[PDB]
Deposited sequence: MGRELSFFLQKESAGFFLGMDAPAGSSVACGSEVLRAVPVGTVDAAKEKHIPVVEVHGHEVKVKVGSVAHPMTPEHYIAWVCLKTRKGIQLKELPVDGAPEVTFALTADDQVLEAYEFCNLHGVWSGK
């Protein structure tokens, strides 16, 4: 399934095919895989829009807040050939674009909100 997990402290860890119940000891936090997240769906599920070899991800079917207290931190893209992750500038829009090689195709997008956690969309 090439299953993605996320462990968040201040930085974070991305796991690929982490076994169930895996954890990261980092300081004395023990970090566990965060869950993926109805009423929060509108502002948090990533919308994926492909054109050619570019994939725009928008957080918001309508736009999520991008303020210092409440923001989208990053978006991760899983594709057939690999993974990508880009952090979002806190004072920009809740969107980011990734580029793919011609042989690659998108599978799933994931976004982290600093207050509401991780959400996935296709």
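**Student:** Missing C-alpha coordinates: which residue stretches of the deposited sequence does that apply to?
**Tutor:** According to the deposited record, C-alpha coordinates are absent for 1, 11 to 13, 42 to 43, which together make up the missing parts.
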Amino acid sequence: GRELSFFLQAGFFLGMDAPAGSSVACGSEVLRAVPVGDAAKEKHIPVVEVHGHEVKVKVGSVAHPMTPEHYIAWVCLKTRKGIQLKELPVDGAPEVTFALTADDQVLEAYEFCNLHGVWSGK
From here on, numbers count along this sequence of modelled residues.
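**Student:** Which has the higher mean CA temperature factor in the PDB entry, 74 to 82 or 58 to 66?
**Tutor:** Mean CA B-factor is higher for 58 to 66.
**Student:** Please work out which of 21 to 29 and 106 to 114 has the higher mean CA B-factor as recorded in the PDB entry.
**Tutor:** Comparing 21 to 29 with 106 to 114, the higher mean C-alpha B-factor belongs to 21 to 29.
**Student:** Could you look up the Cα B-factor of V96 in the entry and say which third of the chain it sits in: lowest, middle or highest?
**Tutor:** Tercile = lowest for this residue's CA B-factor.
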